[PDB]
């Protein structure tokens, strides 16, 4: 399911870390800030958790933030007039791949995937897979992008098994 998929892709860390882009993050891939200030990241963390955390959270707190973040990705898709029709055309496994991309890049980070979205809506899976890989996303995180792309290409969990 989407939670297991993203837990594999994001890992779990209970202290503030830096993501693949160098940005302060915690938990299961919860972005805190793009600011270079660790203090700014710590403030965001305390606001998110509701207590003074000192840069450290519990597993329960990480899982709670993760549920909120997955839901936010889903609701962002459903509120977006370009993403929603494609999402609604997909089967459940491919919908997980869609959520995964929005979780990683946000609605703004996927804005350039217009042609990929059309190919997905047309169910041209091999063509969509080729197009999805022609991206900064694929070049910078190729193993994760390959897993997501294989999920779109096949509609199976083969890349995560």
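Numbering follows the first chain given and starts at 1.
Note: missing coordinates for residue 35 occur in none of the other compared entries bracketing this position, so the one-third threshold is not reached. Of the other structures of this protein that model both sides of residue 111, a third or more give it no coordinates. Judged by mean Cα B factor in the deposited record, 104 to 112 ranks above the other of 104 to 112 and 122 to 130. Mean CA temperature factor is higher for 47 to 55 when stretches 47 to 55 and 95 to 103 are set side by side in the entry.
When the modelled residues of the chain are ordered by C-alpha B-factor, residue 13 sits in the highest third. Annotation for residue 154: CA B-factor lies in the highest third of the chain's modelled residues.
In the PDB entry, a CA B factor belonging to the highest third of its chain's modelled residues is recorded for residue 34.
Per the deposited record, the Cα B-factor of residue 60 falls in the highest third when ranked against the other modelled residues of its chain.
Residue 41: CA B factor lies in the middle third for its chain, per the PDB record.
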